[PDB]
Structures are given as C-alpha cells and as structure tokens.
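One chain comes next, on its own, written out as structure tokens in the form deposited in one PDB entry.
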C-alpha cells in the first residue's frame, strides 16, 4: 500500500512557488492519464488539477475547464468537464474567447472581458480569462482549455506556457 489516494495530487503547500506547482500538475496529469485514452476521464481529472493548482497560487479563479470540438458538423465547441459554476453549453468557432481560440488555433489572454467584443459570458462575475486550444496531430482544434478569473488581468505568459504544454499532453494521451 502506497498510503496515497488519487485526491492527494491536489495538495500544494503555500510554500511552493508557481513553477513547482505547475510542474507537479503536468507530472500528475501524466500519471493519471497513462492508463486510459478516454478523454472524458482524463479531462475531468485535468480540470480538478487546474482548479486546485490555481487556488493554491492565489489567482482568484472561478472556473476551470474544457470545451470539446463537437463530433457533429461545422465546428462547434460543446461543454466538457469543468470545476466551477454552470456554464454555456455550446460555442460556435469564432465566437467569444473560446471560439476565437478555436478558429485561430492560438492562445487567447483577455485582461478584461467586458472590453472584449463578442465576449460570451457564462459567469457574470468573470473579469479576465485565458483560453488555450488543444491541437491534434493533423493541426486541427480538438477543444480548448478555458480558465476564468474574478480579477482583471489574472493570466500572463507563464500560464500560457504551462497550458500549452498541458494541451500537448492531452492530445497525446486522449482519443477524441
């Protein structure tokens, strides 16, 4: 018996710094997703990792989750696992921060969503947001990683760098 439980992956002392917490998160995601390619499973645990990591970082986040490119027709993002309050069910590519990340295949960092044309708010209290797209081997958008913050300008290049790595791990470990 290791003495550990799955839940233990989300322990981060206030004494750890940001680089460490995020490094541990990637490693935990790797350990937890090694066993199955089931994307719901891996993304669900992934959302918890992200949520808890950010709560430990003292970034006041209110949502941490994923939308996945709908299996049906013309690219639409459909709500996937998340930690946080009830969210919008579907987003068309090109619409809002998530839809913009999906059409551009690029990371979006929004310092104030009320000054962002076309913003699609799922939580009225969200002030800033970061969206990182999950790209497949053939370079198509598979879904996005989306984090909201209750304060303006909550995210920067460090979050983008970490999230982009996590998106790579996700594509290599999940089957959509």
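Residue numbers count along the first chain shown, from 1.
- Remark: stretch with higher mean C-alpha B factor among 57-65 and 44-52 is 57-65.
- According to the PDB record, 66-74 carries the higher mean C-alpha B-factor of the two stretches 66-74 and 30-38.
- Among all modelled residues in this chain, the alpha-carbon of residue 163 has a temperature factor (C-alpha) in the middle third.
- The entry lists a Cα temperature factor for residue 151 that places it in the highest third of the chain's modelled residues.
- For residue 123, the recorded CA temperature factor ranks within the middle third of the chain's modelled residues.
- Placement of the Cα temperature factor of residue 108 within the chain: lowest third of the modelled residues, per the deposited record.
- Residue 172 sits in the highest third of its chain by CA B factor, as recorded in the PDB entry.
We do not show the form solved in complex with a small molecule, though everything after this point is about it.
- Note on the partner interface in the deposited complex: the residue among 29, 39, 63, 54 having a heavy atom within 4.5 angstroms of the small molecule is 63.
- Taking non-hydrogen atoms only, residue 68 never approaches the small molecule to within 4.5 angstroms in the deposited complex.
- Among residues of the shown chain, residue 120 is one whose heavy atoms approach the small molecule to within 4.5 Å in the deposited complex.
- When the small molecule is considered in the deposited complex, residue 102 lies well away from it, no heavy atom lying within 4.5 Å.
- Not displayed here, the small molecule is approached by residue 87 to within 4.5 Å at the level of heavy atoms in the deposited complex.
- Partner contact region in the deposited complex: 145-153, out of 145-153, 132-140, 45-53, 31-39, criterion any non-hydrogen atom within 4.5 Å of the small molecule.
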